[PDB]
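Student: Structure provided below as structure tokens; questions to follow.
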Amino acid sequence: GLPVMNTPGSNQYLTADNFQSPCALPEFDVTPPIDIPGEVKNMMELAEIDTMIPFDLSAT
Amino acid sequence: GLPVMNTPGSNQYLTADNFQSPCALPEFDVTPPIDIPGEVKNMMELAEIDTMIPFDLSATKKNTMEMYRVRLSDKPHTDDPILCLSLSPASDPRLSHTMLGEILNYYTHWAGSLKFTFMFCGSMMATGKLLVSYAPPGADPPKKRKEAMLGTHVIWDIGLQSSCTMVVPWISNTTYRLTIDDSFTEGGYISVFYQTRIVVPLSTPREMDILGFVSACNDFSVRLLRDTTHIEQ
Amino acid sequence: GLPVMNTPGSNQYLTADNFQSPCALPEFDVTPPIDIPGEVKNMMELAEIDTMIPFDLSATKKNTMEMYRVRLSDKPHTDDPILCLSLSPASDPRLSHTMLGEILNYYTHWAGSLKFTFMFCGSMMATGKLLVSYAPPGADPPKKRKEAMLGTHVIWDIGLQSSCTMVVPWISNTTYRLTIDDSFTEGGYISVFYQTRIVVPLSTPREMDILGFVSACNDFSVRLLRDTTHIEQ
Amino acid sequence: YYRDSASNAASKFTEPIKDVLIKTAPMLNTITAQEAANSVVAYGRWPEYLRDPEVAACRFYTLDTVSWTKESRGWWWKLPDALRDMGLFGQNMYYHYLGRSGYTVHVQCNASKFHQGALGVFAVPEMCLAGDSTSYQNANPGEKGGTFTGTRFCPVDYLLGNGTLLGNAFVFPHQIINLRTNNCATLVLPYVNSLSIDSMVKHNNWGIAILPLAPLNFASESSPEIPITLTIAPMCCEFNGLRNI
Amino acid sequence: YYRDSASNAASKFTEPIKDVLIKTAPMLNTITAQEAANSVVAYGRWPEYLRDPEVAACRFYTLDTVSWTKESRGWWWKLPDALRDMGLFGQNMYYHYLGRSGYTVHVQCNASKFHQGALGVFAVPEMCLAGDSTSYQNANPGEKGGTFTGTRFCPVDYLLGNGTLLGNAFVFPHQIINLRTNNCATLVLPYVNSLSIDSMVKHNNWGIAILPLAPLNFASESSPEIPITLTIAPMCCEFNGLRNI
Amino acid sequence: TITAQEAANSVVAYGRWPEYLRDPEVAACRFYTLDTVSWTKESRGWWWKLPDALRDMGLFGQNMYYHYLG
Amino acid sequence: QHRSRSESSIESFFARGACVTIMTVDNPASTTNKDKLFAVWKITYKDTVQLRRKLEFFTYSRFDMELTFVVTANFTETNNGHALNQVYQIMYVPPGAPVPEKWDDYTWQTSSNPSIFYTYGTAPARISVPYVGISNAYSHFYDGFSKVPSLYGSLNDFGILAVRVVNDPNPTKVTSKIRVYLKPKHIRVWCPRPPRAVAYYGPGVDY
Amino acid sequence: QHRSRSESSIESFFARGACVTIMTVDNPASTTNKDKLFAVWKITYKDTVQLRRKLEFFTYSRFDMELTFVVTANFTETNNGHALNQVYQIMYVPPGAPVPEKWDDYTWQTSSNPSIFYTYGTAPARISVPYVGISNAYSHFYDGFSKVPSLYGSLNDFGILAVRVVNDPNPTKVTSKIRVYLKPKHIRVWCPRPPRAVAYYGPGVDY
């Protein structure tokens with residue numbers, strides 16, 4: 001058919017790759033999401049929350 | 001899905017290929033580069049830097065400060081050149097350790113012009129004349145000042161100019177020449193002769209020194225990269 | 001990623017395929033070509049060069065200078081041809097060693113016209129007539145001058161023309177013919193006959209020589225490349 | 001194919017003179033005049049402020065002179081270490097966390113018309129030296145400087161102290177003082193570092209080396225040793241992180 | 001797919017006559033006239049200067065004649081070696097590093113109307129000969145030339161000295177002198193070499209061979225041996241790398 | 001180019017500039033620097049003859065010896 | 001001008017793949033219960049003469065890495081017992097993370113360390129690492145100290161490579177070697193310096 | 001005209017792949033410690049009769065090369081011990097560089113020499129070399145000498161091919177042969193000459 005050449009790095013599994021995969025349950029309808037109030041989109045939004053500093057970690 | 005056929009040369013690793021590869025640390029932000037001053041974009045830009053020629057690699061004056069100086073004394077001369085230098089930029093022991101030599105040692109074919117400069121480091125009260133002559137390829141070096149005078153030469157007047165420049169052009173049947181070759185025994189020569197004695201006014205010392213520098217012009221080139229460095233024992 | 005299916009004929013090496021391959025010396029600058037004069041772009045351009053036909057491959061006059069000459073003597077003739085040559089460009093021992101023969105020996109099918117030239121190398125004071133006749137395919141060669149006169153022929157007059165040309169056209173049921181074949185025993189013949197004796201004015205020598213040259217016209221062609229050269233013992 | 005771009009299938013060097021690029025900046029005036037136009041600007045870059053500043057430190061600091069005899073092998077200093085005790089520039093150096101600046105170095109030699117010799121001045125960036133074995137005491141000799149040596153801490157002159165031949169040393173920004181032609185040299189060093197700003201107390205941006213290419217000689221009964229003077233002026237300084245005292 | 005192009009999935013031969021292509025150049029005038037229009041231009045290329053020159057060497061050089069008897073087998077010369085001692089052309093040859101030029105060769109035979117025979121003149125590029133075993137003494141016989149032989153250094157006539165049959169020799173630029181038709185031949189050889197210019201002292205561009213195709217015969221009491229003369233004229237010469245002397 | 005700015009303080013003999021013969025080599029145009037001579041505290045003088053002094057200097061001498069008139 | 005300077009460019013002069021290390025691992029016999037070997041190697045160019053010497057021409061540098069792995073194996077004794085196909089884990093530990101100290105350990109579990117699983121007998125494994133550094137360029141020469149009255153000339157940190165065999169022990173001991181081929185990419189350099197001679201070089205600027 | 005001259009063209013007449021050499025290597029037994037064999041062969045067309053004879057029709061030539069490698073292996077003794085898959089290193093040494101002289105040597109390390117790593121049992125390895133020469137064309141016949149009062153007819157330099165087995169010795173000796181198939185490409189020729197007869201040819205123009 002179409003001529004092709006296999007480059008190095010084929011038939012390997014890299015745990016950090018981003019490839020399309022075959023779906024196992026096609027023709028399945030998922031429960032739609034609802035508008036729950038508190039949505040977090042970045043973990044820095046959690047660092048901007050004031051929290052008390054433990055000043056006395058002495059065993060006592 | 002799509003029909004495909006596997007050609008010869010698949011599932012092989014060629015150490016000279018240029019293929020896209022999978023990134024190992026995606027979603028990572030790299031430190032941006034800053035504007036550091038001195039940026040080098042080609043290794044020929046380093047060959048165009050004048051560097052001193054070690055004229056005396058003799059074991060006596062080897063790997064010291066005396067090997068870069070040519071001494072002009074008061075003793076009578078025998079019509080022989082002060083210094084004669086071959087034009088093998090990568091096959092002459094006195095010219096292979098310069099920056100040009102070390103950039104040529106990483107390649108196989110070279111081609112272009114060269115430029116030499118001589119600097120007189122004597123007294124301000126001295127006077128005289130020197131003859132700088134260039135012998136083209138295929139001609140054995142001259143041995144007397146009259147022979148060199150009939151060729152291509154310049155008279156450098158010590159007394160009104162302190163430095164003399166000489167540009168050696170590019171001559172070859174081929175477009176490129178081999179850096180390392182044997183049996184060539186050509187490329188030309190550059191020689192310095194005593195056109196006139198050196199005169200001093202008073203008890204001024206009669207021993208002077210001259211230095212030399214070599215560089216490549218803006219039409220130099222190299223190709224067919226070759227590296228042979230190895231520390232094996 | 002993309003779904004693909006491997007067809008038959010993958011991971012095989014076919015010595016007649018035309019696929020892009022990975023370069024081994026990228027970032028390398030090649031010496032540019034120059035305009036050398038004599039450029040050959042097709043091997044048929046070499047078959048259109050006239051070359052002498054060895055007429056006497058007899059062991060006596062074999063691999064010498066005598067095998068290219070046909071001698072015209074003063075002795076009486078018997079109405080038999082001076083020379084009769086078959087038209088197998090790659091199956092006649094006297095015609096296979098020419099340039100045309102050696103280009104045909106590298107192929108299997110050939111087709112086109114041929115052209116023969118005869119040159120008279122006798123005296124300027126000689127006179128006479130010769131009959132050059134062409135026998136088409138499927139006809140046995142003529143044996144008497146009268147038989148050849150009734151066919152296709154030309155009378156060459158030694159005395160006002162020194163060279164005679166004869167073009168053999170292309171006749172075949174098929175569009176191509178095999179270079180090497182057996183049982184064919186056809187293709188025609190070219191024969192030379194004594195229409196008239198040779199007359200000389202004085203003690204001028206009565207022995208002359210004639211040479212022959214063969215070439216292919218501008219409608220010749222070959223195909224189905226075949227090579228059988230081997231030095232094996 | 002891939003969005004992250006780690007894999008997508010892929011005259012200014014030879015010590016430019018001041019007049020070439022920047023000629024409208026003879027603000028140097030007043031230790032010398034008319035020699036500012038024959039100065040070399042390292043890498044063809046003029047010192048500049050950090051785009052998107054003391055006044056007292058703008059002055060010149062004339063270190064002690066050094067005696068060039070018929071035996072000396074060379075001298076070297078470190079920048080900014082050499083100015084760690086010179087007034088307000090040193091004060092700012094020691095009482096801030098970060099600082100940056102360029103330099104202007106003027107070298108002068110006092111010689112008569114009957115002296116002969118040649119000096120070379122080299123400006124090495126990140127001039128990591130080495131002896132023949134370092135500590136913080138060796139790499140920072142102060143304004144006193146250090147001295148090379150031939151065949152304590154004293155690198156080798158013909159190797160420049162770092163294993164590389166002296167002849168090639170001309171890759172670095174450099175200048176030549178030939179007593180029969182001129183006796184002054186000027187280098188305008190911009191700020192060179194991998195970081196946009198760094199702690200001055202721990203890191204030496206530049207090193208200055210002075211080496212006699214041709215020894216000193218003179219007519220009989222003359223002065224047997226001539227003086228060499230350095231004058232350093234910081235340019236476009238700025239510091240951050242001011243401590244007390 | 002790939003940028004480097006090492007893999008991307010991938011009448012003028014038969015000794016043209018002068019009048020065909022270049023007829024406005026009868027500048028040859030004055031060893032012969034009206035035979036310059038029946039000359040052959042090798043490969044249909046006229047000698048030309050090196051695009052993006054002596055005058056004395058423009059002359060003709062008439063070598064010695066040679067005697068064609070009823071026994072000779074052939075003669076050969078090398079170009080430019082044959083002209084290594086002919087005045088200023090040889091002087092320039094020996095006192096330069098590089099040089100290039102084309103040639104014009106005129107061959108003449110003095111014969112009466114009662115002589116018969118035929119000669120062939122061939123111009124072989126890079127005419128590497130071989131005997132029956134070479135040194136520099138064999139490949140360069142000078143203006144004296146050399147002689148082929150039949151069944152010292154003497155190649156084989158019917159093999160042309162290089163193992164290939166004589167009959168095929170007509171692939172090379174050639175001409176035929178038939179005593180009953182004409183007795184003069186002219187070849188205009190351009191410069192042929194893999195390099196655009198080369199050292200003349202070491203490399204022979206062309207070789208000229210003369211072979212009797214049909215032996216010599218004549219009427220009784222005539223001259224038993226006739227003379228053959230060569231006349232060579234360099235064209236569009238130029239040299240570089242001039243030495244002294 | 002053996003000297004510059006001293007060509008304007010030169011003397012032209014008899015106020016006549018050399019000229020071609022009205023109603024030409026290039027190599028001989030060069031300069032020929034003979035050997036120097038030592039002026040001591042005893043010398044009395046030196047003299048040369050033209051064109052004899054240039055009878056062995058390259059192509060000018062060659063032309064001199066291989067022509068009838070010049 | 002029919003001559004180009006495109007073969008002396010920085011990319012052409014540097015971007016060439018060369019072997020930097022050979023890492024040995026093995027799968028031992030299931031009878032003898034000695035520990036399974038694993039390989040650890042810190043990424044550094046100060047062991048290959050050619051690459052280093054070509055880098056010391058300059059003082060500041062930037063580049064990405066392209067790493068390829070060539071794996072070979074062999075039986076280490078004459079036994080008729082054989083082994084099935086083997087899978088190798090090749091873990092890249094970025095600069096700043098813990099290094100494995102035992103063949104079985106949480107370090108071969110962390111979601112932070114990216115790994116490659118390579119099955120013997122297929123195309124060599126390959127990855128690309130970007131420019132990882134806290135400064136704006138690597139520094140081959142550094143005139144500075146960590147602590148002032150401490151190391152004289154900063155050292156560059158690139159990461160670590162660890163390798164092991166996922167398969168559990170067979171009844172046959174089989175030993176494997178992985179050769180790492182490194183290729184700098186998108187390289188830039190600054191501030192040229194004179195080159196050093198071939199005197200075994202040295203660990204620092206010492207000689 | 002329904003007949004074409006496109007099969008006598010220069011490309012059609014020359015551009016055909018034929019075997020030029022067979023290079024033998026082997027991986028010896030791990031008991032006997034004899035040196036591991038490696039193969040070296042200088043690229044030259046003066047050993048294949050057909051290609052040479054087809055080239056001697058002319059005097060000046062230009063072309064690129066396309067090289068393919070067909071590898072085969074076999075056990076050389078009746079032993080039950082076996083071997084794992086083998087990887088072969090095939091190094092191309094351009095014209096002018098040193099040639100390997102021992103199986104382990106810095107020549108199989110230089111970044112200048114490009115290598116191919118080929119795993120047994122997959123598609124044959126292939127590369128393409130460009131026109132490498134200092135003149136503007138190859139010369140099959142050269143009427144000249146190197147030194148004038150020295151070799152009579154220049155010789156062409158194409159490179160060298162070296163081959164070895166990366167795997168360390170197994171307990172079983174296995175011998176391998178690599179066949180090289182060469183294909184000229186983009187070929188041009190000049191100045192035709194008469195062809196020679198089949199007289200074993202010769203090393204030069206000698207006969």
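Identifiers in the structure tokens: chain A, B, ... in order shown; residue index from 1 per chain; ligand index from 1 in order shown.
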Given only C-alpha atoms, how would the per-residue table for chain B near chain E read, listing every residue at most 7 Å away with its closest atom pair and distance in Å to one decimal, sorted by chain and number, as a tab-separated table?

Tutor:
residue	atom	partner	partner_atom	distance
B:136	CA	E:241	CA	6.2
B:137	CA	E:97	CA	6.7
B:138	CA	E:97	CA	6.2
B:139	CA	E:243	CA	6.8
B:150	CA	E:244	CA	6.5
B:151	CA	E:244	CA	5.9
B:173	CA	E:198	CA	5.1
B:174	CA	E:195	CA	6.2

Student: Enumerate, in order of chain and increasing residue number, the residues of chain H with an atom no farther than 6 Å from chain C, each with its shortest atom pair and distance in Å to one decimal, counting only C-alpha atoms, as a tab-separated table.

Tutor:
residue	atom	partner	partner_atom	distance
H:8	CA	C:43	CA	5.4
H:9	CA	C:42	CA	4.4
H:10	CA	C:42	CA	5.7
H:17	CA	C:15	CA	5.8
H:123	CA	C:11	CA	4.8
H:127	CA	C:22	CA	5.5
H:128	CA	C:23	CA	5.0
H:129	CA	C:24	CA	5.8
H:136	CA	C:33	CA	5.2
H:190	CA	C:39	CA	4.6
H:191	CA	C:38	CA	4.8
H:200	CA	C:231	CA	5.9

Student: Based on the backbone DSSP call, show me all residues of stretch 33-178 of chain G assigned strand (DSSP E), as a ChimeraX atom specification.

Tutor: /G:39-42,60-75,87-93,115-119,125-129,138-139,160-165,174-178

Student: I need the residues from that last selection saved to file as a compact mmCIF listing (two decimals), in the first residue's frame (with C-alpha atoms), if you can.

Tutor:
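Full text of out.txt as output:
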# COMPACT_ATOMS: atom_id res chain seq x y z
CA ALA G 39 22.21 0.29 37.46
CA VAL G 40 22.42 3.96 38.47
CA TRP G 41 24.33 6.67 36.63
CA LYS G 42 24.32 10.44 37.09
CA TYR G 60 28.35 29.45 29.02
CA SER G 61 26.08 26.97 27.25
CA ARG G 62 22.46 25.95 26.69
CA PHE G 63 21.07 22.80 25.10
CA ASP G 64 18.50 20.00 25.27
CA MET G 65 19.39 16.31 25.41
CA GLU G 66 18.29 13.43 23.19
CA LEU G 67 18.94 10.04 24.76
CA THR G 68 18.84 6.65 23.03
CA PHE G 69 19.35 3.23 24.60
CA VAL G 70 20.85 0.17 22.90
CA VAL G 71 20.25 -2.99 24.93
CA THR G 72 21.99 -6.34 24.49
CA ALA G 73 21.85 -9.54 26.52
CA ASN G 74 23.53 -12.91 26.80
CA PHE G 75 23.46 -16.16 28.72
CA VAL G 87 11.29 -6.19 29.77
CA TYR G 88 13.53 -3.41 31.09
CA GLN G 89 12.53 -0.42 33.19
CA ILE G 90 14.57 2.71 32.46
CA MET G 91 13.72 5.46 34.95
CA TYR G 92 14.78 9.10 34.60
CA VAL G 93 15.10 10.90 37.94
CA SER G 115 9.98 5.65 33.18
CA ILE G 116 10.26 3.72 29.93
CA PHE G 117 9.31 0.06 29.61
CA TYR G 118 11.26 -1.53 26.76
CA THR G 119 10.74 -5.07 25.48
CA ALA G 125 14.20 3.39 23.24
CA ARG G 126 14.49 7.16 22.93
CA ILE G 127 13.55 10.28 24.91
CA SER G 128 14.33 14.00 24.95
CA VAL G 129 15.07 16.08 28.05
CA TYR G 138 25.10 26.19 32.10
CA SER G 139 28.53 27.36 33.23
CA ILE G 160 19.99 10.44 37.04
CA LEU G 161 19.28 7.28 35.02
CA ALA G 162 18.32 4.06 36.78
CA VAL G 163 17.76 0.72 35.06
CA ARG G 164 16.45 -2.67 36.12
CA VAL G 165 14.76 -5.79 34.74
CA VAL G 174 21.24 -13.69 31.91
CA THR G 175 23.35 -10.52 31.84
CA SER G 176 22.45 -7.37 29.92
CA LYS G 177 24.23 -4.16 28.95
CA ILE G 178 22.63 -0.86 27.96

Student: Which residues come within 12 Å of stretch 12-23 of chain F, counting only C-alpha atoms, excluding same-chain residues fewer than 4 positions away, as a PyMOL selection string?

Tutor: chain F and resi 7-8+70

Student: Please write the residues from the selection above to a file, keeping C-alpha atoms, as a PDB file, in the first residue's frame.

Tutor:
ATOM      1  CA  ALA F   7      57.820  62.041  -5.263  1.00  0.00           C
ATOM      2  CA  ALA F   8      56.743  65.704  -5.214  1.00  0.00           C
ATOM      3  CA  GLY F  70      66.136  49.826 -27.470  1.00  0.00           C
TER       4      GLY F  70
END

Student: Which residue is closest to chain E? Choose from H:100, H:149, H:159, H:203 and count only C-alpha atoms.

Tutor: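 Of H:100, H:149, H:159, H:203, the one nearest chain E, counting only C-alpha atoms, is H:149.
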
Student: Running DSSP on the backbone, which parts of stretch 77-196 of chain B land in alpha helix (DSSP H), as a ChimeraX atom specification?

Tutor: /B:99-104,145-149

Student: Would you save the residues of that selection, restricted to N, CA and C atoms, as a compact mmCIF listing (two decimals), in the first residue's frame?

Tutor:
# COMPACT_ATOMS: atom_id res chain seq x y z
N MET B 99 45.00 29.00 17.08
CA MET B 99 43.56 28.79 17.04
C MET B 99 43.14 28.25 15.68
N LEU B 100 43.73 28.79 14.61
CA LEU B 100 43.44 28.29 13.27
C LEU B 100 43.81 26.81 13.16
N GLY B 101 44.98 26.44 13.67
CA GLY B 101 45.38 25.04 13.62
C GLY B 101 44.43 24.13 14.36
N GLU B 102 43.96 24.57 15.53
CA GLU B 102 43.09 23.73 16.34
C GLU B 102 41.67 23.67 15.79
N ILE B 103 41.25 24.66 15.01
CA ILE B 103 39.96 24.53 14.33
C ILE B 103 40.10 23.67 13.08
N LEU B 104 41.26 23.70 12.43
CA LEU B 104 41.47 22.85 11.27
C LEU B 104 41.67 21.40 11.65
N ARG B 145 68.84 37.21 -0.62
CA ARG B 145 67.95 38.36 -0.67
C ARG B 145 67.65 38.76 -2.11
N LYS B 146 68.60 38.59 -3.02
CA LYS B 146 68.36 38.95 -4.41
C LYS B 146 67.30 38.05 -5.03
N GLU B 147 67.34 36.75 -4.73
CA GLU B 147 66.32 35.85 -5.25
C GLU B 147 64.94 36.25 -4.76
N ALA B 148 64.83 36.61 -3.48
CA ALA B 148 63.54 37.00 -2.93
C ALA B 148 63.09 38.35 -3.46
N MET B 149 64.03 39.22 -3.82
CA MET B 149 63.66 40.54 -4.32
C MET B 149 62.96 40.44 -5.67

Student: Residues of chain D that have any atom at most 9 Å from an atom of chain G: could you tabulate them with the shortest-distance atom pair and the distance in Å to one decimal, using only C-alpha atoms, ordered by chain and increasing number, as JSON lines?

Tutor:
{"residue": "D:5", "atom": "CA", "partner": "G:130", "partner_atom": "CA", "distance": 8.9}
{"residue": "D:6", "atom": "CA", "partner": "G:130", "partner_atom": "CA", "distance": 5.8}
{"residue": "D:7", "atom": "CA", "partner": "G:128", "partner_atom": "CA", "distance": 7.1}
{"residue": "D:10", "atom": "CA", "partner": "G:186", "partner_atom": "CA", "distance": 7.4}
{"residue": "D:43", "atom": "CA", "partner": "G:191", "partner_atom": "CA", "distance": 8.8}
{"residue": "D:124", "atom": "CA", "partner": "G:193", "partner_atom": "CA", "distance": 8.8}
{"residue": "D:125", "atom": "CA", "partner": "G:191", "partner_atom": "CA", "distance": 7.9}
{"residue": "D:126", "atom": "CA", "partner": "G:143", "partner_atom": "CA", "distance": 5.2}
{"residue": "D:127", "atom": "CA", "partner": "G:143", "partner_atom": "CA", "distance": 6.4}
{"residue": "D:128", "atom": "CA", "partner": "G:143", "partner_atom": "CA", "distance": 5.2}
{"residue": "D:129", "atom": "CA", "partner": "G:205", "partner_atom": "CA", "distance": 7.5}
{"residue": "D:130", "atom": "CA", "partner": "G:206", "partner_atom": "CA", "distance": 5.8}
{"residue": "D:131", "atom": "CA", "partner": "G:206", "partner_atom": "CA", "distance": 7.8}
{"residue": "D:132", "atom": "CA", "partner": "G:207", "partner_atom": "CA", "distance": 7.1}
{"residue": "D:133", "atom": "CA", "partner": "G:206", "partner_atom": "CA", "distance": 7.9}
{"residue": "D:134", "atom": "CA", "partner": "G:152", "partner_atom": "CA", "distance": 7.2}
{"residue": "D:135", "atom": "CA", "partner": "G:152", "partner_atom": "CA", "distance": 7.8}
{"residue": "D:136", "atom": "CA", "partner": "G:148", "partner_atom": "CA", "distance": 7.3}
{"residue": "D:139", "atom": "CA", "partner": "G:143", "partner_atom": "CA", "distance": 8.5}
{"residue": "D:161", "atom": "CA", "partner": "G:207", "partner_atom": "CA", "distance": 8.9}
{"residue": "D:162", "atom": "CA", "partner": "G:205", "partner_atom": "CA", "distance": 6.0}
{"residue": "D:163", "atom": "CA", "partner": "G:196", "partner_atom": "CA", "distance": 6.0}
{"residue": "D:164", "atom": "CA", "partner": "G:196", "partner_atom": "CA", "distance": 4.9}
{"residue": "D:165", "atom": "CA", "partner": "G:194", "partner_atom": "CA", "distance": 7.4}
{"residue": "D:166", "atom": "CA", "partner": "G:194", "partner_atom": "CA", "distance": 8.8}
{"residue": "D:168", "atom": "CA", "partner": "G:194", "partner_atom": "CA", "distance": 5.7}
{"residue": "D:169", "atom": "CA", "partner": "G:194", "partner_atom": "CA", "distance": 6.4}
{"residue": "D:170", "atom": "CA", "partner": "G:194", "partner_atom": "CA", "distance": 8.5}
{"residue": "D:171", "atom": "CA", "partner": "G:193", "partner_atom": "CA", "distance": 6.4}
{"residue": "D:172", "atom": "CA", "partner": "G:193", "partner_atom": "CA", "distance": 6.9}
{"residue": "D:193", "atom": "CA", "partner": "G:60", "partner_atom": "CA", "distance": 8.7}
{"residue": "D:194", "atom": "CA", "partner": "G:136", "partner_atom": "CA", "distance": 5.6}
{"residue": "D:195", "atom": "CA", "partner": "G:135", "partner_atom": "CA", "distance": 6.0}
{"residue": "D:196", "atom": "CA", "partner": "G:136", "partner_atom": "CA", "distance": 8.3}
{"residue": "D:201", "atom": "CA", "partner": "G:148", "partner_atom": "CA", "distance": 7.8}
{"residue": "D:202", "atom": "CA", "partner": "G:144", "partner_atom": "CA", "distance": 5.7}
{"residue": "D:203", "atom": "CA", "partner": "G:144", "partner_atom": "CA", "distance": 4.5}
{"residue": "D:204", "atom": "CA", "partner": "G:143", "partner_atom": "CA", "distance": 5.9}
{"residue": "D:205", "atom": "CA", "partner": "G:143", "partner_atom": "CA", "distance": 7.5}
{"residue": "D:206", "atom": "CA", "partner": "G:143", "partner_atom": "CA", "distance": 8.8}

Student: With only C-alpha atoms considered, list every residue of chain F at most 10 Å from chain B, as a list in words.

Tutor: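 The answer, sorted by residue number, is residues 1, 2, 30, 31, 32, 33, 34, 35, 36, 37, 57 and 58 of chain F.
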
Student: Hey, could you make a per-residue contact list for chain A against chain C with 9 Å as the cut-off, showing the nearest pair of atoms and its distance in Å to one decimal, counting only C-alpha atoms, sorted by chain and number, as a Markdown table?

Tutor:
| residue | atom | partner | partner_atom | distance |
| --- | --- | --- | --- | --- |
| A:1 | CA | C:7 | CA | 6.5 |
| A:2 | CA | C:7 | CA | 8.9 |
| A:3 | CA | C:19 | CA | 8.3 |
| A:4 | CA | C:10 | CA | 8.9 |
| A:19 | CA | C:1 | CA | 5.8 |
| A:20 | CA | C:1 | CA | 5.5 |
| A:21 | CA | C:1 | CA | 7.3 |

Student: Between atom CA of residue D:54 and atom CA of residue D:78, measure the distance and give it in Å to one decimal.

Tutor: 21.4 Å
